[PDB]
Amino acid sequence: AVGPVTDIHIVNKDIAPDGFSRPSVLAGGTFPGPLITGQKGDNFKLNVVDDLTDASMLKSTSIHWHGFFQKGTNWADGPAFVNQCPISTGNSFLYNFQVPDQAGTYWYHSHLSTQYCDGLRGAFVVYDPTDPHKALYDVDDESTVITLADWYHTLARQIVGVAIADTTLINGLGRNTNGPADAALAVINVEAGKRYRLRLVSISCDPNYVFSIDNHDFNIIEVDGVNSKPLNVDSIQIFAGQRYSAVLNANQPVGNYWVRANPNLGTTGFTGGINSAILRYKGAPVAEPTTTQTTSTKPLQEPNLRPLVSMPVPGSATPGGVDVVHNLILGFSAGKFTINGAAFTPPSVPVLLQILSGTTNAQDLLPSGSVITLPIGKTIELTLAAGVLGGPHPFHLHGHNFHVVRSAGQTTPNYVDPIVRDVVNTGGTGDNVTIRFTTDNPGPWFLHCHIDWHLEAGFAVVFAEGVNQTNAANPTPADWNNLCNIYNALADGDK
């Protein structure tokens, strides 16, 4: 692991995580990138050094630290042309932020176009020295982090039509249905009688995964950074960018057990050991499991998740019982995804810079139709009624957690004790996923589908939260101040 203070080099490397070699964009020269760690209350100083030379995956870059509120450091959030201009090749940029009030399981990824699909993604764990759940497990370290990733044989910018993941990678390793069958599988090591905090991280660009481990079950204790009441489950559907801590008791006979991550698209199932990794008990033979996937009798359902500590729902217990309601219309037309009829396209001047430079009138913010101002200090309700093609769409809000007052597949809202998280499945026809939060964080924040192909195709809006408090809230460093000057000076071939 690295952090809280570290350089992170962004490099090109040809890799073959399923036996198929291709160019990639990697943090620290590995897929996934290095695990970043720190403690609650740390000042993260993450010096991102852009060493990229391959124009086919972009030489520029920008990194988002997924799930962190970035209060007072909106400039460090990552989204290109919302919060910064990209870092240019041969340059560095220091992401300098604090995490005073968060601890849990997070991740990081490129937030420039579809570049994270080309490899720039990794896990990020913030430990809590007084974690209320600490006595529920024995082992919690780099070896208990499990990343689930989609992998494409075609470069992101060379995809024609609808992207379909070729291979599921667990901790960077996996077999392709038409690939070498001797391609290495990831191994998760346990010892009989010990309990493990499995930090399950979706670093997916698109598919959701149904995660299970043969003959084992879990207690979920954390959801997207938020401590939960322990919830006993035996399978976990995890959407793009979601995280869970799932405590596993190594209470089965010493042996090898299949770890399964079944995608919703591409090649499904487990023939030849695809979509699989290995849980190996100390003392077991070094071999593939022979175990059977038994029926999930207690699958995770989002409405069953409850915050560990009381987190009252903002507003009153009825639809629209808040200061500000936006019933967002999620659609698709003219070859692009739309929110309230508008497809997001990045502006030349980052939204934050527009505001800081003096553009504080809602009507003047660019891109026109894709920026919604929110007043500061107010309760907000968003609905995200589903049905639009390409689903199920997992929506993500930057700068915030939110209460999921109505989940996909849930008819009646819960205004008492719904889970709080940062990525939510919006479901399908008939669903009307509803989320609430309070505007306590001045700055422009993305709301978008975390299927990265859909973001690129316009499925996003920017919430310009507390526009007239944004300058005061977010003093910017000299290196941020110069990013657009450097980037705009680049030749087209060096972007």
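Residue numbers here begin at 1 and follow the sequence given.
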Mind pulling up the entry and telling me whether 327-335 or 142-150 has the higher mean Cα temperature factor?
327-335
Going by the mean C-alpha B-factor recorded in the entry, which is higher: 160-168 or 233-241?
160-168
Per the deposited entry, the peak Cα B-factor within the set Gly430, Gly443, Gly67, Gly33 goes to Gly430
Highest recorded Cα temperature factor - choice among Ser204, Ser212, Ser110, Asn340
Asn340
Chain-relative CA temperature factor third for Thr439
middle
Among the modelled residues of its chain, the C-alpha B-factor of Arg197 falls in the third labelled lowest
What third of the chain, by the recorded C-alpha B-factor, contains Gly269?
middle
Taking the chain's C-alpha temperature factors as the reference, tell me which third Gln293 falls into: lowest, middle or highest.
highest
C-alpha B factor of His454, ranked within the chain: lowest, middle or highest third?
lowest
